[PDB]
Amino acid sequence: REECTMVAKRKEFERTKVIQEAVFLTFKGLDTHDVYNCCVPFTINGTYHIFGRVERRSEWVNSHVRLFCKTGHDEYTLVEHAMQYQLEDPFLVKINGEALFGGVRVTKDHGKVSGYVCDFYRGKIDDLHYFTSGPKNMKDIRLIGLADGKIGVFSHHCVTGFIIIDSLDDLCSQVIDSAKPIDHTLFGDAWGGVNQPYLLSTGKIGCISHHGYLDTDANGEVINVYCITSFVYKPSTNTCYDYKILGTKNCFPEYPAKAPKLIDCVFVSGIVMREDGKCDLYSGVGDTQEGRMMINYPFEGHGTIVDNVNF
Amino acid sequence: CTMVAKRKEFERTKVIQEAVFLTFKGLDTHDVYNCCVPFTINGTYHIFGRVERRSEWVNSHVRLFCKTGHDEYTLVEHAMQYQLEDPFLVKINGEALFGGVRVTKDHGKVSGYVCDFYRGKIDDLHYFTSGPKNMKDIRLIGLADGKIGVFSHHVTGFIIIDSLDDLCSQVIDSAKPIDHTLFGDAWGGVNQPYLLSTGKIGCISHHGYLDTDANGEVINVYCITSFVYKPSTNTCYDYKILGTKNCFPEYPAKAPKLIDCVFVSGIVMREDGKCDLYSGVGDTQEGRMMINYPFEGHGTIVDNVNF
């Protein structure tokens with residue numbers, strides 16, 4: 001259906017959105033590099049931190065992930081001592097009292113990218129231990145602690161899958177590869193994936209996601225459009241609800257993208273609940289910045305967030 | 001002919017000289033071992049070390065240390081860390097070539113490993129290729145004509161390539177076996193190659209054999225060895241043992257199977273014409289022992305790791 005195409009959904013979003021606060025985070029200690037595509041802000045002993053993807057603006061395929069400490073409103077400072085990771089697009093959740101951290105590891109052969117895989121780390125936030133990779137050339141793998149203490153795994157074949165495992169000791173390439181597709185009815189032509197899953201008070205999973213479509217520029221060159229989206233997943237019936245767009249690159253202030261094909265690209269990090277009804281939505285913007293924008297709580301009618309990333 | 005017999009003759013004929021452990025400061029939680037060769041940055045000695053908690057297996061990183069005294073190295077806290085084992089370093093055509101072994105896991109267990117290679121300025125090393133699946137002990141050396149010699153391990157092989165822009169898994173996998181006649185039953189590989197004034201390559205290496213402990217449990221014996229390689233005839237010369245774990249002071253190994261394990265780093269030339277030989281010892285320490293220059297009759301070292 002025309003209405004169910006992502007371009008149409010995005011057009012209606014731009015016409016109906018409520019303009020509120022939208023800013024870029026300031027990063028200190030690493031002036032040589034951009035910081036973008038962060039994990040969700042999280043706390044260590046009460047203090048906010050974030051893992052950022054760091055890359056020189058002119059460099060491709062040379063990303064690291066570094067730890068930053070909140071030092072002021074919308075301000076994060078490099079933790080100089082902290083472990084660096086040779087990864088892209090970091091993500092973080094708490095699973096059964098321990099940190100589960102991951103990102104994408106790029107392999108090269110003869111100076112060219114030859115493949116990639118997701119690397120997963122567990123343990124105490126201050127001493128993360130690599131323990132398993134996912135399937136060859138699979139990214140957008142995300143984990144969520146369920147109400148019963150089991151773990152929901154979202155897979156990406158672009159088809160999103162789901163499977164329940166008993167514990168992190170069961171995570172491996174075979175079980176991620178075996179996940180069965182979720183109901184795709186709500187998404188029409190959209191491709192994308194989950195970025196941050198939240199256990200809700202109903203036992204449903206609130207998903208902060210990215211979905212995209214293709215546009216062309218004036219020369220007929222492709223523009224990889226990505227929007228910040230959300231939906232709610234009900235594991236028991238394998239059903240989704242309330243798929244919507246939360247934000248686009250043009251919701252944040254004008255700022256150069258890393259390349260022309262990314263001029264309409266945001267890659268979400270996650271939400272933080274504020275001491276008002278509302279959420280702070282964190283996102284990578286144009287593969288050069290991390291932004292924060294105020295939104296309404298996006299899982300209304302499906303319960304409150306009942307998990308946390310407080311370590 | 002067998003390496004156990006060669007090692008027994010080494011122990012009865014060796015000339016005992018200076019042998020010490022390096023002190024590492026700033027990372028007291030971890031052992032530091034299996035280092036690259038000591039090298040200089042703007043005239044100051046540095047070293048890359050494999051760092052691991054003593055009780056931890058398969059959680060190694062590589063860190064940069066700066067010389068702070070005689071046989072003393074201090075962690076450089078700002079420096080890039082690498083999730084690798086057994087780092088190595090050489091200068092190729094004015095740039096740094098750094099590598100180590102990256103372990104892959106599945107389901108909490110080792111699934112494989114591969115060597116990752118980095119190039120560029122010593123201050124900003126750039127990952128540009130991996131080697132073949134499950135191959136380590138790959139080493140590169142700059143040749144007299146500006147080309148590059150690549151040592152592989154299947155059996156030790158060698159192949160020439162024109163430049164770092166040609167390094168890839170395929171060319172490493174394609175290397176042809178070196179003449180093995182001198183080595184008898186030894187297995188092992190090159191750790192630090194040196195271009196000599198003759199155009200031969202002096203190789204500081206590791207070679208090993210199996211022994212058993214008093215319970216009949218395996219001991220993975222590894223010795224510090226050397227040999228000289230002549231690419232034009234694919235011939236080796238002067239294969240010998242330079243050192244064993246018992247040449248260093250008594251010190252715990254990481255596990256009982258490593259009680260007779262040294263994993264060499266490289267040599268540095270001394271003012272007196274002898275060498276300092278650096279080695280990993282028992283997977284818990286870095287050692288330095290004074291040896292006679294091991295490539296006598298084959299030329300002087302004519303390359304360097306001064307960055």
# chains A, B, ... in the order shown; residues from 1 in each chain; ligands from 1
>>> residues_around(residues="residue 221 in chain A", least_positions_apart="6", cutoff="10 Å", atoms="only C-alpha atoms", output="ChimeraX atom specification")
/A:215,260-261
>>> write_last_selection(atoms="C-alpha atoms", output="PDB file, in the first residue's frame")
ATOM      1  CA  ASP A 215      16.639   8.219  -2.448  1.00  0.00           C
ATOM      2  CA  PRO A 260      27.105  12.866   0.418  1.00  0.00           C
ATOM      3  CA  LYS A 261      25.333   9.430   0.658  1.00  0.00           C
TER       4      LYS A 261
END
>>> residues_around(residues="range 295-305 of chain A", least_positions_apart="2", cutoff="6 Å", atoms="only C-alpha atoms", output="ChimeraX atom specification")
/A:199-202,278-279,307
>>> closest_atom_pairs(of="chain A", to="chain B", cutoff="10 Å", atoms="only C-alpha atoms", output="CSV")
residue,atom,partner,partner_atom,distance
A:61,CA,B:127,CA,9.1
A:62,CA,B:126,CA,7.3
A:79,CA,B:78,CA,9.6
A:80,CA,B:78,CA,5.8
A:81,CA,B:77,CA,5.7
A:82,CA,B:77,CA,8.8
A:83,CA,B:81,CA,6.9
A:84,CA,B:81,CA,6.3
A:85,CA,B:82,CA,7.7
A:86,CA,B:82,CA,7.8
A:106,CA,B:127,CA,9.9
A:107,CA,B:130,CA,7.1
A:108,CA,B:129,CA,4.8
A:109,CA,B:129,CA,4.4
A:110,CA,B:168,CA,4.7
A:111,CA,B:128,CA,4.7
A:112,CA,B:128,CA,7.4
A:113,CA,B:129,CA,8.7
A:114,CA,B:129,CA,9.2
A:119,CA,B:105,CA,8.7
A:120,CA,B:105,CA,9.4
A:129,CA,B:59,CA,7.2
A:130,CA,B:59,CA,7.6
A:131,CA,B:108,CA,4.6
A:132,CA,B:106,CA,4.3
A:133,CA,B:106,CA,5.6
A:134,CA,B:106,CA,7.7
A:135,CA,B:106,CA,9.5
A:168,CA,B:107,CA,8.9
A:169,CA,B:107,CA,6.8
A:170,CA,B:107,CA,6.7
A:171,CA,B:107,CA,5.9
A:172,CA,B:107,CA,4.7
A:173,CA,B:106,CA,6.7
A:174,CA,B:106,CA,9.2
A:175,CA,B:107,CA,9.8
>>> residues_around(residues="range 237-245 of chain A", least_positions_apart="4", cutoff="7 Å", atoms="only C-alpha atoms", output="list in words")
residues 13, 182, 183, 186, 227, 228, 229, 230, 231, 232 and 233 of chain A
>>> atom_distance(atom1="CA of residue 305 in chain B", atom2="CA of residue 244 in chain B")
25.3 Å
>>> atom_distance(atom1="CA of residue 93 in chain B", atom2="CA of residue 173 in chain B")
22.8 Å
>>> residues_around(residues="range 142-154 of chain A", least_positions_apart="2", cutoff="9 Å", atoms="only C-alpha atoms", output="ChimeraX atom specification")
/A:91-96,100,102,139-140,156,160-168,171,176,179,193-205,235,307
>>> write_last_selection(atoms="N, CA, C and O atoms", output="short mmCIF file (atom, residue, chain, number, x, y, z; two decimals), in the first residue's frame")
data_model
loop_
_atom_site.label_atom_id
_atom_site.label_comp_id
_atom_site.auth_asym_id
_atom_site.auth_seq_id
_atom_site.Cartn_x
_atom_site.Cartn_y
_atom_site.Cartn_z
N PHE A 91 27.25 -1.19 21.31
CA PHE A 91 25.95 -1.30 22.01
C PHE A 91 26.16 -1.96 23.37
O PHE A 91 27.13 -2.70 23.54
N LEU A 92 25.23 -1.69 24.27
CA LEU A 92 25.34 -2.09 25.69
C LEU A 92 23.96 -2.35 26.28
O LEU A 92 23.03 -1.58 26.04
N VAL A 93 23.84 -3.43 27.02
CA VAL A 93 22.65 -3.71 27.88
C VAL A 93 23.17 -4.36 29.17
O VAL A 93 24.31 -4.80 29.22
N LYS A 94 22.29 -4.40 30.18
CA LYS A 94 22.53 -5.22 31.39
C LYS A 94 21.73 -6.53 31.26
O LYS A 94 20.54 -6.48 30.97
N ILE A 95 22.39 -7.65 31.49
CA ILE A 95 21.78 -9.01 31.42
C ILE A 95 22.15 -9.72 32.72
O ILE A 95 23.36 -9.96 32.94
N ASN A 96 21.15 -10.09 33.50
CA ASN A 96 21.37 -10.87 34.74
C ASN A 96 22.56 -10.29 35.54
O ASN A 96 23.47 -11.07 35.90
N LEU A 100 26.60 -6.60 29.07
CA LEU A 100 26.78 -7.24 27.73
C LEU A 100 27.06 -6.10 26.75
O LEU A 100 26.18 -5.23 26.53
N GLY A 102 28.83 -4.98 22.87
CA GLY A 102 29.29 -5.51 21.58
C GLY A 102 29.56 -4.41 20.59
O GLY A 102 29.25 -3.26 20.84
N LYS A 139 25.31 -8.09 11.42
CA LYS A 139 25.32 -7.01 12.43
C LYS A 139 23.89 -6.77 12.89
O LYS A 139 23.05 -7.59 12.55
N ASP A 140 23.67 -5.77 13.75
CA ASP A 140 22.32 -5.45 14.28
C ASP A 140 21.82 -6.63 15.13
O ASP A 140 20.60 -6.90 15.14
N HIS A 156 19.63 -10.52 12.43
CA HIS A 156 19.41 -9.79 11.17
C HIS A 156 19.96 -10.59 10.01
O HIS A 156 21.15 -10.66 9.90
N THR A 160 14.56 -9.26 10.30
CA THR A 160 14.80 -9.29 11.76
C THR A 160 14.21 -10.59 12.33
O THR A 160 13.05 -10.88 12.09
N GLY A 161 15.01 -11.33 13.09
CA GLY A 161 14.59 -12.58 13.76
C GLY A 161 14.60 -12.42 15.27
O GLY A 161 15.21 -11.45 15.76
N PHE A 162 14.02 -13.38 15.98
CA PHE A 162 14.05 -13.39 17.46
C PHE A 162 14.14 -14.81 17.95
O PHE A 162 13.53 -15.67 17.32
N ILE A 163 14.88 -15.01 19.05
CA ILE A 163 14.98 -16.33 19.73
C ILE A 163 15.29 -16.08 21.21
O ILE A 163 15.93 -15.07 21.52
N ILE A 164 14.79 -16.96 22.07
CA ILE A 164 15.06 -16.90 23.53
C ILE A 164 16.12 -17.94 23.85
O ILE A 164 16.04 -19.08 23.33
N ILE A 165 17.07 -17.53 24.68
CA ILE A 165 18.17 -18.36 25.24
C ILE A 165 18.12 -18.23 26.75
O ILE A 165 17.58 -17.26 27.27
N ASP A 166 18.69 -19.20 27.45
CA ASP A 166 18.54 -19.28 28.92
C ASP A 166 19.51 -18.32 29.59
O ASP A 166 19.15 -17.76 30.64
N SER A 167 20.69 -18.11 29.00
CA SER A 167 21.76 -17.32 29.65
C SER A 167 22.83 -16.94 28.63
O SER A 167 22.82 -17.49 27.52
N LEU A 168 23.71 -16.03 29.01
CA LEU A 168 24.81 -15.58 28.12
C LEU A 168 25.71 -16.78 27.76
O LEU A 168 26.36 -16.77 26.71
N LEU A 171 24.89 -18.07 24.33
CA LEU A 171 25.11 -17.24 23.12
C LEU A 171 26.23 -17.79 22.25
O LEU A 171 27.35 -18.02 22.75
N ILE A 176 22.15 -17.73 17.17
CA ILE A 176 21.74 -16.42 16.58
C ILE A 176 21.24 -16.68 15.15
O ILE A 176 20.21 -16.14 14.74
N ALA A 179 17.49 -17.94 14.65
CA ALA A 179 16.31 -17.12 15.03
C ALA A 179 15.34 -17.04 13.85
O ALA A 179 15.76 -16.96 12.69
N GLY A 193 16.83 -2.43 11.69
CA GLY A 193 17.20 -3.31 12.79
C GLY A 193 17.05 -2.63 14.12
O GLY A 193 16.92 -1.39 14.19
N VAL A 194 17.08 -3.43 15.17
CA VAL A 194 16.98 -2.90 16.55
C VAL A 194 18.34 -2.34 16.96
O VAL A 194 19.39 -2.91 16.61
N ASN A 195 18.33 -1.25 17.72
CA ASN A 195 19.54 -0.65 18.31
C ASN A 195 19.53 -0.76 19.82
O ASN A 195 20.58 -1.12 20.38
N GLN A 196 18.41 -0.47 20.46
CA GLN A 196 18.32 -0.61 21.94
C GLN A 196 16.96 -1.19 22.35
O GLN A 196 15.93 -0.55 22.13
N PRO A 197 16.89 -2.44 22.90
CA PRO A 197 15.65 -3.09 23.39
C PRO A 197 15.48 -2.78 24.89
O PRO A 197 16.47 -2.64 25.57
N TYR A 198 14.25 -2.59 25.33
CA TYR A 198 13.89 -2.27 26.73
C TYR A 198 12.77 -3.22 27.16
O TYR A 198 11.76 -3.35 26.48
N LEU A 199 12.98 -3.91 28.28
CA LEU A 199 11.90 -4.73 28.87
C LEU A 199 10.87 -3.76 29.45
O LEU A 199 11.26 -2.86 30.24
N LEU A 200 9.60 -3.95 29.07
CA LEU A 200 8.49 -3.13 29.60
C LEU A 200 7.73 -3.86 30.72
O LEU A 200 7.85 -5.09 30.81
N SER A 201 6.95 -3.10 31.48
CA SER A 201 6.19 -3.59 32.67
C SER A 201 5.16 -4.65 32.29
O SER A 201 4.75 -5.38 33.18
N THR A 202 4.78 -4.73 31.01
CA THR A 202 3.86 -5.75 30.44
C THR A 202 4.58 -7.03 30.03
O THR A 202 3.88 -7.96 29.68
N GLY A 203 5.91 -7.06 30.00
CA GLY A 203 6.65 -8.20 29.42
C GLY A 203 6.88 -8.03 27.92
O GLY A 203 7.64 -8.83 27.35
N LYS A 204 6.31 -7.00 27.29
CA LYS A 204 6.65 -6.64 25.89
C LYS A 204 8.05 -6.02 25.85
O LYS A 204 8.57 -5.60 26.91
N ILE A 205 8.63 -5.96 24.65
CA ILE A 205 9.96 -5.33 24.45
C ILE A 205 9.79 -4.06 23.61
O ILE A 205 9.32 -4.12 22.43
N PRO A 235 6.91 -11.13 22.42
CA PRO A 235 7.49 -12.43 22.12
C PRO A 235 6.45 -13.56 22.04
O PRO A 235 6.51 -14.35 21.16
N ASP A 307 13.75 -2.21 33.12
CA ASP A 307 15.19 -2.56 33.24
C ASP A 307 16.03 -1.27 33.28
O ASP A 307 15.45 -0.15 33.34
#
>>> residues_around(residues="range 190-202 of chain B", least_positions_apart="3", cutoff="10 Å", atoms="only C-alpha atoms", output="VMD selection string")
chain B and resid 36 to 37 86 to 90 137 to 145 149 to 153 156 205 to 207 224 to 232 235 to 238 263 to 267 294 to 304
>>> residues_around(residues="residue 270 in chain A", least_positions_apart="5", cutoff="7 Å", atoms="only C-alpha atoms", output="PDB file with N, CA and C atoms, in the first residue's frame")
ATOM      1  N   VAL A  40      23.865   3.525  24.167  1.00  0.00           N
ATOM      2  CA  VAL A  40      22.970   4.315  25.040  1.00  0.00           C
ATOM      3  C   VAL A  40      23.793   4.882  26.189  1.00  0.00           C
ATOM      4  N   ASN A 195      18.326  -1.251  17.717  1.00  0.00           N
ATOM      5  CA  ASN A 195      19.539  -0.653  18.310  1.00  0.00           C
ATOM      6  C   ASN A 195      19.533  -0.763  19.824  1.00  0.00           C
ATOM      7  N   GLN A 196      18.408  -0.470  20.459  1.00  0.00           N
ATOM      8  CA  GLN A 196      18.321  -0.611  21.943  1.00  0.00           C
ATOM      9  C   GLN A 196      16.960  -1.190  22.351  1.00  0.00           C
ATOM     10  N   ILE A 208      13.924   0.576  20.181  1.00  0.00           N
ATOM     11  CA  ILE A 208      14.428   1.804  19.519  1.00  0.00           C
ATOM     12  C   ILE A 208      15.317   1.303  18.389  1.00  0.00           C
ATOM     13  N   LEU A 281      16.314  11.253  23.391  1.00  0.00           N
ATOM     14  CA  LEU A 281      16.675  10.330  22.301  1.00  0.00           C
ATOM     15  C   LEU A 281      18.075  10.716  21.812  1.00  0.00           C
ATOM     16  N   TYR A 282      19.014   9.804  21.963  1.00  0.00           N
ATOM     17  CA  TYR A 282      20.413   9.918  21.516  1.00  0.00           C
ATOM     18  C   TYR A 282      20.560   9.183  20.190  1.00  0.00           C
ATOM     19  N   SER A 283      21.319   9.777  19.260  1.00  0.00           N
ATOM     20  CA  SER A 283      21.537   9.220  17.905  1.00  0.00           C
ATOM     21  C   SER A 283      22.865   9.698  17.329  1.00  0.00           C
TER      22      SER A 283
END
>>> select_by_dssp(residues="range 157-295 of chain B", states="strand (DSSP E)", output="PyMOL selection string")
chain B and resi 157-161+176-177+187-195+201-212+218-230+235-243+262-269+275-281+285-291
>>> decode(residues="range 222-240 of chain B", atoms="N, CA and C atoms", output="PDB file, in the first residue's frame")
ATOM      1  N   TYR B 222      60.044 -25.286  24.325  1.00  0.00           N
ATOM      2  CA  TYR B 222      60.459 -24.325  23.285  1.00  0.00           C
ATOM      3  C   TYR B 222      61.768 -23.700  23.706  1.00  0.00           C
ATOM      4  N   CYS B 223      62.678 -23.607  22.742  1.00  0.00           N
ATOM      5  CA  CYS B 223      64.019 -23.045  22.857  1.00  0.00           C
ATOM      6  C   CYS B 223      64.101 -21.783  22.005  1.00  0.00           C
ATOM      7  N   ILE B 224      65.005 -20.934  22.397  1.00  0.00           N
ATOM      8  CA  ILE B 224      65.453 -19.796  21.562  1.00  0.00           C
ATOM      9  C   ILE B 224      66.486 -20.344  20.605  1.00  0.00           C
ATOM     10  N   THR B 225      66.238 -20.128  19.299  1.00  0.00           N
ATOM     11  CA  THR B 225      67.147 -20.637  18.273  1.00  0.00           C
ATOM     12  C   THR B 225      67.470 -19.508  17.283  1.00  0.00           C
ATOM     13  N   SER B 226      68.404 -19.826  16.397  1.00  0.00           N
ATOM     14  CA  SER B 226      68.766 -18.903  15.301  1.00  0.00           C
ATOM     15  C   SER B 226      69.152 -19.751  14.101  1.00  0.00           C
ATOM     16  N   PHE B 227      69.022 -19.140  12.920  1.00  0.00           N
ATOM     17  CA  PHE B 227      69.615 -19.711  11.720  1.00  0.00           C
ATOM     18  C   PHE B 227      69.749 -18.573  10.709  1.00  0.00           C
ATOM     19  N   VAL B 228      70.497 -18.827   9.641  1.00  0.00           N
ATOM     20  CA  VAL B 228      70.652 -17.836   8.547  1.00  0.00           C
ATOM     21  C   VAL B 228      70.050 -18.444   7.294  1.00  0.00           C
ATOM     22  N   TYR B 229      69.333 -17.623   6.545  1.00  0.00           N
ATOM     23  CA  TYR B 229      68.568 -18.014   5.363  1.00  0.00           C
ATOM     24  C   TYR B 229      69.143 -17.255   4.148  1.00  0.00           C
ATOM     25  N   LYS B 230      69.400 -17.985   3.080  1.00  0.00           N
ATOM     26  CA  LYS B 230      69.851 -17.373   1.794  1.00  0.00           C
ATOM     27  C   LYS B 230      68.732 -17.526   0.758  1.00  0.00           C
ATOM     28  N   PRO B 231      67.941 -16.464   0.481  1.00  0.00           N
ATOM     29  CA  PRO B 231      66.798 -16.590  -0.429  1.00  0.00           C
ATOM     30  C   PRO B 231      67.185 -17.118  -1.805  1.00  0.00           C
ATOM     31  N   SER B 232      68.335 -16.719  -2.338  1.00  0.00           N
ATOM     32  CA  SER B 232      68.649 -17.047  -3.759  1.00  0.00           C
ATOM     33  C   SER B 232      68.755 -18.565  -3.968  1.00  0.00           C
ATOM     34  N   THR B 233      69.173 -19.330  -2.950  1.00  0.00           N
ATOM     35  CA  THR B 233      69.359 -20.807  -3.080  1.00  0.00           C
ATOM     36  C   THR B 233      68.358 -21.531  -2.163  1.00  0.00           C
ATOM     37  N   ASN B 234      67.531 -20.778  -1.425  1.00  0.00           N
ATOM     38  CA  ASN B 234      66.530 -21.362  -0.483  1.00  0.00           C
ATOM     39  C   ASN B 234      67.247 -22.260   0.528  1.00  0.00           C
ATOM     40  N   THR B 235      68.447 -21.881   0.992  1.00  0.00           N
ATOM     41  CA  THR B 235      69.336 -22.702   1.853  1.00  0.00           C
ATOM     42  C   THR B 235      69.417 -22.057   3.249  1.00  0.00           C
ATOM     43  N   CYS B 236      69.541 -22.867   4.297  1.00  0.00           N
ATOM     44  CA  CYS B 236      69.760 -22.377   5.669  1.00  0.00           C
ATOM     45  C   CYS B 236      71.166 -22.730   6.128  1.00  0.00           C
ATOM     46  N   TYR B 237      71.665 -21.969   7.110  1.00  0.00           N
ATOM     47  CA  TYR B 237      73.019 -22.150   7.691  1.00  0.00           C
ATOM     48  C   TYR B 237      72.965 -21.976   9.201  1.00  0.00           C
ATOM     49  N   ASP B 238      73.840 -22.693   9.904  1.00  0.00           N
ATOM     50  CA  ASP B 238      74.256 -22.348  11.300  1.00  0.00           C
ATOM     51  C   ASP B 238      73.001 -22.304  12.179  1.00  0.00           C
ATOM     52  N   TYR B 239      72.212 -23.364  12.135  1.00  0.00           N
ATOM     53  CA  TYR B 239      71.051 -23.565  13.054  1.00  0.00           C
ATOM     54  C   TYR B 239      71.585 -23.962  14.434  1.00  0.00           C
ATOM     55  N   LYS B 240      71.272 -23.127  15.420  1.00  0.00           N
ATOM     56  CA  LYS B 240      71.695 -23.441  16.783  1.00  0.00           C
ATOM     57  C   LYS B 240      70.690 -22.997  17.831  1.00  0.00           C
TER      58      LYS B 240
END
